[PDB]
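Need coordinates for the following:
(chains A, B, C, D, E and F, ligands or ions: 18)
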Amino acid sequence: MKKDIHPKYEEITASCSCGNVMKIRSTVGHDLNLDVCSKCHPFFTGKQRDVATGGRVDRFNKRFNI
Amino acid sequence: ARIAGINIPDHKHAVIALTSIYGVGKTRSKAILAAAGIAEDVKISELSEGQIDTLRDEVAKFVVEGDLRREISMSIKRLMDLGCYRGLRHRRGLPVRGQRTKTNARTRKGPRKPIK
Amino acid sequence: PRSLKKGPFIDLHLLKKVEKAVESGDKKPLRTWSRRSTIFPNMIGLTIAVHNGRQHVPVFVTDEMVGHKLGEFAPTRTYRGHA
Amino acid sequence: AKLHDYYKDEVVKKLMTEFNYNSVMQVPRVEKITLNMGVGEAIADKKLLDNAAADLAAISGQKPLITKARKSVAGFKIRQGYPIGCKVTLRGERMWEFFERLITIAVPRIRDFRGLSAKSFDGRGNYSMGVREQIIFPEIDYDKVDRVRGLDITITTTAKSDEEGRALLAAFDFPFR
RNA sequence: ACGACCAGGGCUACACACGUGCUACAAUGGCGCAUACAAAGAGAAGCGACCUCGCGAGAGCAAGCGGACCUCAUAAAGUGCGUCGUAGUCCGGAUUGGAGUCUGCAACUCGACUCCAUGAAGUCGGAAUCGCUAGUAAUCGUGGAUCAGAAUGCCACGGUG
RNA sequence: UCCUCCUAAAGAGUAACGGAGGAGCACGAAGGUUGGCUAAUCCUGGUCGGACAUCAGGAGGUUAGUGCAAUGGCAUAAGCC
Ligand SMILES: [Mg+2]
Ligand SMILES: [Mg+2]
Ligand SMILES: [Mg+2]
Ligand SMILES: [Mg+2]
Ligand SMILES: [Mg+2]
Ligand SMILES: [Mg+2]
Ligand SMILES: [Mg+2]
Ligand SMILES: [Mg+2]
Ligand SMILES: [Mg+2]
Ligand SMILES: [Mg+2]
Ligand SMILES: [Mg+2]
Ligand SMILES: [Mg+2]
Ligand SMILES: [Mg+2]
Ligand SMILES: [Mg+2]
Ligand SMILES: [Mg+2]
Ligand SMILES: [Mg+2]
Ligand SMILES: [Mg+2]
Ligand SMILES: [Zn+2]
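Residues are numbered from 1 along each chain as shown, chains lettered A, B, ... in the order given. Ligands and ions are numbered 1, 2, ... in the order given. Please find the structure below.
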């Protein structure tokens, strides 16, 4: 890379709510606190839940009994 | 200041900046802060990140932006596909709830369309 | 809508016609003036010609058509446009 | 070089197994990542281009190459030579480190993230995606920015087919669907 | 049959134009808590306490009352404190989705109300135009008729002024 | 008046109130040199982005380009940085 034209690119630490401490090289400078990472993202549980059609006959039979 | 995907203004209070979430209102925002043990008059500033993690978990208890918009579009397109009266109103752009269409249907019908 | 404690509503003559066409296993179109009858889950798969004021429009009955009434699938006002 | 080491140790063994290649050089590998921002609105002001390149320099720690119009078209009101976009080519370690921050940080920060497409592989393994909003990278400060940009990421790899790249990214647990 | 009976539909449609109203565009205000002061009315197929349950509309049991006795029924605006701090906002509440209650054989077309969510237009209105001279206008609530249910309309009542 | 092609009969040249088009400049770099590069178009994928901007790959192989008319040239590029 060239010398002067580029921004400062320094290794910092990014910790998350799941405690995923990860050291990366970045242009942030300061340390970073995340909210969700790929470890704690609900891609492996929430997307399983996320179809959510629901039943019409079962809602009907749910509302009462004959 | 980043809940459920989106950012949240810091200068506002707690219940209001939560109500910025598509899916909560003043009631459910009070239920959130009550379940987190957080007062409503404090700001999103001077909050602990553990307090915000509790807040994120409490919001994650409910149905929100992408989920809620997906469920809403599914219910409307269910009526579309059935071809009921509510579906026909939803796809003619007319009011569903039994209002008048002779006059004052301007929310569903938009601005005025002049006869040319 | 109706209270849950009253349960649903359906005409008796409709519910008897449904029980007959179920046991007979006929898929004949049942013409019906009961636009206010709630669809039952045992009604799924039937052609029912609901009245509209002028004629009987046939409605094939789907699962999703359960928690509704028969009148929702028989529109009474014909509108095409002014121009 | 965390993912480059993870490549060299586990992905090559995986793909040699799941494809039964004669040679290890026959395996796919990533080659470059190209980051374009097509800014067609800079004909209003240069500063929109000048600030979008500043934003993209924070994402990837390189000064972006301001791209220009190859020819002149009148539907877009541009002449041949006008600066009309910006790109960044990423190779080597800076490529791997960006690709880590991408699939680890920024993709989870997508609003209503629900996966990628497996139908974005240009017939020859090279994958292309487009992000709607630059704030998913944490390099950008939310108060400091004003305009929602968007960019597109293009991962150019050495995979001959389309599935060998699909399996390669799946080996990097790339969230297709 | 231009007469009579029944079911269902319609009188509620919708490119649009007009009239009369309601609610607003906020800070002389919105919200939250506490608290003070009315008049005039209705009630037996009715008014319906108290207590319990419900976030709620309401449900159950259930007194008293043909009523200066009981019920509808706590008047609100106001005042005291805190809050927001000029933003399409903690303004505004339309619309739409879901869940419900009640009336009634029956709320799909086509009821009212509640709860959760949603949060349009609108930042004081062109040409033009209306009402009002004092307890008036303005504004704030209250009640009744019709009525199973269903008024922003109508007819009445007092408060501030 | 000047330029390009045909007529023009395979050297040159060759007429008509014959058939068709242009010029009466520009450039202090659009010149010199060194070094490097190689198009048009189309296909697929891809945020705003659209028949058509920018990006990545592939076909193609000069069908492009040449300061301007036409003809002849041009990859060792005379084309492009
Ligand atoms: Mg919200
Ligand atoms: Mg009428
Ligand atoms: Mg409000
Ligand atoms: Mg009454
Ligand atoms: Mg209770
Ligand atoms: Mg007060
Ligand atoms: Mg206050
Ligand atoms: Mg609302
Ligand atoms: Mg507006
Ligand atoms: Mg304003
Ligand atoms: Mg007078
Ligand atoms: Mg009534
Ligand atoms: Mg010759
Ligand atoms: Mg000769
Ligand atoms: Mg000859
Ligand atoms: Mg050269
Ligand atoms: Mg493109
Ligand atoms: Zn994480």
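
How about chain C: which residue is closest to ligand 1?
Closest approach between chain C and ligand 1, counting by Cβ to the ion: residue C:1, at 26.8 Å. Bear in mind the C-beta positions are built from the backbone N, C-alpha and C, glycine included.

ditto for chain A
For chain A, Cβ to the ion, closest residue to ligand 1: residue A:35, 18.9 Å.

Find the nearest non-adjacent residue to that residue, please.
Leaving aside its chain neighbours, residue A:35 sits nearest to residue B:2 (5.4 Å; criterion: Cβ to Cβ, 6 or more residues apart in numbering or on different chains).

The residue of chain C closest to ligand 1: neighbour count?
Using other Cβ atoms under 10 Å in any protein chain shown, residue C:1 is surrounded by 5 other residues.

And residue B:11, by the same measure?
For residue B:11, using other Cβ under 10 Å, the count is 8.

Report the contact partners of the residue of chain A closest to ligand 1.
Taking Cβ atoms under 8 Å, 6 or more residues apart in numbering or on different chains, we find residue A:35 in contact with A:16, A:17, B:2, B:56, D:109.

Residue D:98 versus the closest residue to RNA strand F within chain A, what's the distance?
Closest residue of chain A to RNA strand F, Cβ to the nearest atom of the strand: residue A:2 (16.9 Å). For residue A:2, the distance to residue D:98 (Cβ to Cβ, to the nearest Å) stands at 18 Å.

Strands of chain D, residue ranges please.
Remark: strands assigned in chain D by DSSP state E are D:30-38, D:65-68, D:83-87, D:89-90, D:127-131, D:151-157.

Which among those strands is found nearest to residue D:169?
Residue D:169 sits nearest to strand D:127-131 of all those, at 6.5 Å, using Cβ to Cβ.

Do the closest one and RNA strand F come into contact?
Yes: shown here: strand D:127-131 in contact with RNA strand F (Cβ under 7 Å from any atom of the strand) through D:127, D:128, D:129, D:130, D:131.

wait, doesn't the second one sit right on residue D:151?
Spelled out, it's residue D:128. No: counting by Cβ atoms under 8 Å, residue D:128 does not reach residue D:151; the two are 11.5 Å apart.

Those two - which one has more neighbours?
residue D:151 (25 against 15).

Could you measure from the residue of chain C closest to ligand 1 over to residue D:112?
Residue C:1 sits 32 Å away from residue D:112, going by Cβ to Cβ.

what about burial for the contacts of residue A:35, which qualify?
Among the contacts of residue A:35, those buried by neighbour count (16 or more other Cβ atoms under 10 Å in any protein chain shown) are A:16, A:17, B:2, B:56, D:109.

Contacts only, for the first one.
Read it as residue A:16. Counting by Cβ under 8 Å, 6+ apart, residue A:16 makes contact with A:22, A:33, A:34, A:35, A:36, A:37, A:39, A:40.

Mind picking the two most distant members of these?
A:33 and A:39 (15.1 Å).

neighbours of whichever residue of chain A sits closest to RNA strand E, just the number please.
RNA strand E sits closest to residue A:63 of chain A, with a gap of 5.5 Å, by Cβ to the nearest atom of the strand. Neighbour count of residue A:63, defined by other Cβ under 10 Å: 11.

my read: it touches residue C:4, true?
Yes: assessed by Cβ under 8 Å, residue A:63 is found in contact with residue C:4 at 5.9 Å.

follow-up on the earlier one: of the residues of strand D:127-131 next to RNA strand F, buried ones?
The buried subset of the residues of strand D:127-131 next to RNA strand F - by 16+ other Cβ under 10 Å - is D:127, D:131.
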